[PDB]
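Student: Pasting an experimental structure with its sequence.
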Amino acid sequence: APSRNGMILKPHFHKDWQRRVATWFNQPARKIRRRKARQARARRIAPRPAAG
Amino acid sequence: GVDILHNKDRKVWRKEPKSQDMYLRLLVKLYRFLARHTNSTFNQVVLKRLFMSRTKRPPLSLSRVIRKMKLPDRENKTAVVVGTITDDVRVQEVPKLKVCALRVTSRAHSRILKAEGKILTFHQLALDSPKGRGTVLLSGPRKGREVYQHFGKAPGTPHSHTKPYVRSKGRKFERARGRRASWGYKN
Amino acid sequence: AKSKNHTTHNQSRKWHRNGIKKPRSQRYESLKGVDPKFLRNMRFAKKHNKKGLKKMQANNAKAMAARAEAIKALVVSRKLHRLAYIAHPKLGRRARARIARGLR
Amino acid sequence: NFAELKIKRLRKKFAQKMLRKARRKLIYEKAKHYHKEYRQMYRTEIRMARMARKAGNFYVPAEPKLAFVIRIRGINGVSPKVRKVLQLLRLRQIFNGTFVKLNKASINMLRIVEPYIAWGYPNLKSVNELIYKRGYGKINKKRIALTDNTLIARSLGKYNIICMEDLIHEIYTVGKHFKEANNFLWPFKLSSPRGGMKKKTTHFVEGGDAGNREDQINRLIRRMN
Amino acid sequence: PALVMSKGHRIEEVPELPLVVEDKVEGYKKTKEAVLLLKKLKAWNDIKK
Amino acid sequence: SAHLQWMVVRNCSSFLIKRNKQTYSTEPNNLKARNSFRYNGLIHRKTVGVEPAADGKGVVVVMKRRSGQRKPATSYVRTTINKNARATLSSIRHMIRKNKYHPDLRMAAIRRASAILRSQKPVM
Amino acid sequence: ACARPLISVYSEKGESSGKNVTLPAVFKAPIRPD
Amino acid sequence: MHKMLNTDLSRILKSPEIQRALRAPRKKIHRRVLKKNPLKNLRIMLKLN
Amino acid sequence: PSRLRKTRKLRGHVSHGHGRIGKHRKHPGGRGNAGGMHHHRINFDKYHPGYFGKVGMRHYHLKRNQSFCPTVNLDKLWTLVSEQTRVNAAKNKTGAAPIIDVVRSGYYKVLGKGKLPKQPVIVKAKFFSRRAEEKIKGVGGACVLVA
RNA sequence: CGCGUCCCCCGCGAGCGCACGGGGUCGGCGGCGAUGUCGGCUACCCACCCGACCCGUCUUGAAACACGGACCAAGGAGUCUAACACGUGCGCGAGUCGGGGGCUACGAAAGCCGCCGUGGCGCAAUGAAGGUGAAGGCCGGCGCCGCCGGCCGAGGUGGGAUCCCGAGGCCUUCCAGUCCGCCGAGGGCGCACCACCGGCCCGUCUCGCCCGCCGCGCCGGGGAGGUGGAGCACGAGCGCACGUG
RNA sequence: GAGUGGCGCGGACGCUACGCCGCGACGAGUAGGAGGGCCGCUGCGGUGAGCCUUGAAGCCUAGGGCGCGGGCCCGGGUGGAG
């Protein structure tokens, strides 16, 4: 029940949304993985440009 | 057994700023001393205004401090704001400006000083004028904040130009039944 | 399961807690709800007030000289009084000074 | 040099001593003037009544200018109009007292609270005891006791009430500055009547204490002061 | 140095300064060189703490 | 400045010591030894410190100089006074009053030095 | 003030070198515990 | 930027710029003073009347 | 910070600040925007007028690229071109107007809100207001259209 | 209770001392003091006197013949996430923010990039939409014209905290007399803000007329007066944190 | 206020300014709200040159007390590592 003067909003949380929560603790470890996979690429293509 | 209503006994002014920042708290100590030991009412207002919340000391823009200092009998006078002085980009001409403010935005500094203007602080304003003799005390707009457009009479109640709280404005976000004679009705 | 239908019992007690406030007594009433034939004309009366300003600064400043021809041309007992005269530091300054010296 | 500044600081200290003594003699001679007034006031009232009875005619003395209104009933179960009038008379607490001058506008306020007050026309000595013992001043919205002459003079000096005797004069003889003198006094915090009330609930006419007591408020002022 | 003592760091025999050392302290490769540094600059009583 | 680094030190200094509805300051130059703007011996240009001597008897007077105040070693100059109970108290009254050196601490220092002299004075 | 004094540099022996640095304006920036 | 440039208000509040245009210190503390009855006390009556 | 919250002052108090008569029940007015026309009609009328009902034409595949037309005023138009131009074009006697390309700065229309300072300009904008033209012409300049 | 003076009838004495005088002192006293007494309010047990029904709960009303509770330990109930509103604190401020990305033990941290500021919200509103999209008076050329000019210029009113000017005034057997310091008759400049009047922009309706023109018409703009808008009228937002809902 | 004319080397307390102090008036209270906790529990960054096998935590107490209260500090016993 709405109290007083306050914004009308429709929260999209009516599904089983808690099962499908994607938490970003992968993020700081992902940037290490993506960087080591980018340097070791560039070290293979030794005189070639690294962007390609 | 005295019939006094204790509803309106505790006054809701401020006795100190809620901010724990020391520089602003060292300034209060300097104007607590002046508010009481000077006959001036300038130092009463400046002390009272140092206590006030961010919303109560709004940013007075450069163009008002141009406008409200071009007035007659205001020449060779120092403009005092207890809020801040923000740079107004759509004003070209910038005179000499003796200005005291807690903060000035670095682009307004860049503007004021280059036009041979001097910027003081409230510690220097006391040394320049303890009683505040020859000072223009200003404030920015306090119905400035967009928050005030939602206040007053109810949006959905006749002769109210009140901004309603809508998720997003388009052609189908609160437009039909309360707003048109064609729909249910118009207020 | 019947209930109490209506009352106005505690209502007078509630109305005077913030006071039965008389409405916002302000100068300059709005021109809201004024007959829009009259309001057209009054809006035109303000529209052309500039038209008779050279008549105005002349006439209102000839009446300024009329103030310079009219104002330039214009021009319980006794015993307590002598104490009340002496006993305050504006009118009894020299009077106390002659009491003080009068012990010689 | 300081040969001047020692001697200059003494002269200003002397100037303020003789400024006190000049004010002090005025406060005496104003009080001695009042002792003549109260004699002449008291005696002319009896004088007029004798030259009436000599002729055989009646001297109706002036309806009293001044009342002393004491609240007698409690703070619980009081009508809203009756609350308002009691707190315009500054009777907010049981056995509070204030001086109320009589006119048409004030007797109609004193008849609308007749159960909840014990009022009447106070004596010159009844005014004395209330202003000396129970006399407190409303200085800076603070109930500061009238202990020195330079409290009434500080507040009421512009109406030439410069001592306690001037205030007693202003109260008893309801002058042109009665409002500024009565409102200066804090409502008198009187004790419970020493000996006992007759009957709080009913009017004085029906063997009670509630309402008018013409000379009989003086019997109860000394009972309470 | 009032706030550094009020922090609690033993700074009493620091000879002078917001302390700045010569650039041959970057060139160290052993702790015995580094301990004998803090003895001379008299900040060793802060590690003894 | 003195007033600035008080508004930091006043509540959250390491020397600060709060218990039993009491507040003190365990600073090496606080005398009366309470958390105060007057007696704090880190903050000011001028700092009178009074301590018991490194020897058995006598009182040292710790004088803070004018020049090196960012210089924690060359700052404090110490002088030990191993004299009678009168002309140890007198030396301190002469060091403060007749040098204009922090005359707020003129009497607070002499009550201390006296109580140090009273301590290193044997029991019967 | 905005006065930036002449901060010395110390050799590893604990004695002051003849090479001196002007105290950077960072060290006079407002002391804010807040 | 600094909100206040000179924070040594030891120096400010006793500098002769401010010290001219103050009012005088009212350091005389006034405690509560007892009432005395005119009936009971004569030389409290003689102070008033 | 849980310690600063209200729940920490309601330990001991029975109801936990949610009424003793009307108990803290789960959903006593329906879940969310329930009864918007029925038992919450007044809330949805008093503060959200126009909420219920249709209005105007549906536009199915609407992209926010075709309707892209961001506006600069004549008020802040001299911010887009540097301070070095404005002083030089004022100082110089030749009467050569500096070109203000509005498409470069990110805007596609120039509206005429502000008071433009009295030196000739050239505005290479895509769209123009009528008042925006009059001010540029009034000071004495060109309104160059661009594609 | 002076004399040296200014009329109508007949400017500081020199001390003492006592005190009903801005809240108590005595410059008065006397007893008992080591395994038998001294104090210790509190805390153990006990007795007397007066008071005193059992808590929690819903309730108009509970000691209730309302319900839960034999007793004790431990466990046990407004959380976290997203969104929104408002208040408050911080930073920068017509901006602001890297939050995604990239660069270089604690460290999965921190530091940095600005042609990584895309983008978010803000800076512009309004209309269903096509769209449009936020000041002007006068003074000269052509008692008047569209228009060639022309300096000037974001209103007006009333109330407004503060500031400004100052007629005059604030003293030492004295008279001019400068300089500061301060108060006040009276006067103005008036911040914020409020009420009112104007104006301005979009929608729509009535009125009426002029203009533009590579494309002259089922074209394009303009004007006056009402009226609808979550607008303008010399920006306040954005980010972060906390509180409450 | 200030110009210019007519012997003795002496004087208590203070003011964590978030402090200290003075004067007046007032103090019911369910639902409910807000504030202040040098109230209490558990972890964290600091910090106390902290405390501890010459006995930590805990637990008991006719011990001494403190705070309006939440609670806390000591004495005695017990215990064995924080």
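Tutor: Happy to help now that I have it. Residues are numbered from 1 along each chain as shown, chains lettered A, B, ... in the order given.
Student: all helices for chain D, in order.
Tutor: D:3-55, D:80-88, D:104-111, D:124-132, D:152-156, D:164-172, D:178-182, D:217-224 (DSSP state H).
Student: The third one vs helix D:80-88, what angle?
Tutor: Here the directions of helix D:104-111 and helix D:80-88 differ by 120 degrees (axes from the mean of the first three to the mean of the last three C-alpha atoms, to 10 degrees).
Student: can you give me the offset of helix D:104-111 from its chain's centre?
Tutor: Distance of helix D:104-111 from its chain centroid, counting by C-alpha atoms, centre = their mean, to the nearest Å, is 18 Å.
Student: Near residue B:102, how many other residues are there?
Tutor: Residues contacting residue B:102 under the criterion other C-beta atoms under 10 Å in any protein chain shown number 20. Placement of C-beta: from N, CA and C, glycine included.
Student: So it versus residue B:143, what's the distance?
Tutor: With distances taken as C-beta to C-beta, to the nearest Å, residue B:102 is found 21 Å from residue B:143.
Student: List the contacts of the residue in chain H that chain C sits nearest to.
Tutor: Using C-beta to the nearest C-beta, the closest approach of chain H to chain C is made by residue H:49 at 16.1 Å. Counting by C-beta atoms under 8 Å, 6 or more residues apart in numbering or on different chains, residue H:49 makes contact with D:27, D:31, D:163-165.
Student: In this structure residue H:18 contacts residue B:124, no?
Tutor: No: using C-beta atoms under 8 Å, residue H:18 is not in contact with residue B:124; the gap is 11.9 Å.
Student: residues contacting residue D:64?
Tutor: Residue D:64 neighbours (C-beta under 8 Å, 6+ apart): D:102, D:121, D:214.
Student: circling back: tell me which of the helices of chain D sits most buried.
Tutor: helix D:164-172 (a mean of 23; mean count of other C-beta atoms under 10 Å in any protein chain shown).
Student: Closest to chain G out of the contacts of residue D:64?
Tutor: For these, the nearest to chain G is residue D:102 (65.5 Å; C-beta to the nearest C-beta).
Student: measure the residue in chain H positioned nearest to chain I to residue B:64 for me?
Tutor: Nearest residue of chain H to chain I: residue H:1, at 22.3 Å (C-beta to the nearest C-beta). Remark: distance between residue H:1 and residue B:64 (C-beta to C-beta) = 21 Å.
Student: Same check on residue C:1?
Tutor: When residue C:1 is compared with residue B:64 (using C-beta to C-beta), they lie 65 Å apart.
Student: can you check residue D:59 too?
Tutor: Residue D:59 is 77 Å from residue B:64, where distance means C-beta to C-beta.
Student: the more surrounded of these two?
Tutor: residue B:64 (20 against 14).
Student: what about stretch D:6-25 and RNA strand K, touching?
Tutor: Yes: using C-beta under 7 Å from any atom of the strand, stretch D:6-25 reaches RNA strand K at residue D:8.
Student: Just the C-alpha atoms of that stretch, please, in PDB.
Tutor: Extracted in PDB, the C-alpha atoms of stretch D:6-25 (Å, rounded to 0.1, in the frame of the first residue of the first chain):
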ATOM      1  CA  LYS D   6      44.300  58.300  39.200                       C
ATOM      2  CA  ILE D   7      42.500  61.700  39.900                       C
ATOM      3  CA  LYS D   8      40.300  61.400  36.700                       C
ATOM      4  CA  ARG D   9      39.100  57.800  37.700                       C
ATOM      5  CA  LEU D  10      38.300  59.100  41.300                       C
ATOM      6  CA  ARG D  11      36.200  62.100  39.900                       C
ATOM      7  CA  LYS D  12      34.100  59.700  37.700                       C
ATOM      8  CA  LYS D  13      33.800  57.300  40.800                       C
ATOM      9  CA  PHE D  14      32.700  60.300  42.900                       C
ATOM     10  CA  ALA D  15      30.300  61.600  40.100                       C
ATOM     11  CA  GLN D  16      28.500  58.200  40.200                       C
ATOM     12  CA  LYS D  17      28.300  58.200  44.000                       C
ATOM     13  CA  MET D  18      26.600  61.700  44.100                       C
ATOM     14  CA  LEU D  19      24.500  60.400  41.100                       C
ATOM     15  CA  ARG D  20      23.200  57.600  43.500                       C
ATOM     16  CA  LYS D  21      22.700  59.900  46.500                       C
ATOM     17  CA  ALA D  22      20.700  62.400  44.300                       C
ATOM     18  CA  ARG D  23      18.500  59.500  43.000                       C
ATOM     19  CA  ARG D  24      18.400  58.200  46.600                       C
ATOM     20  CA  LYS D  25      16.900  61.400  48.100                       C
END
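Student: Good, we can wrap up now.
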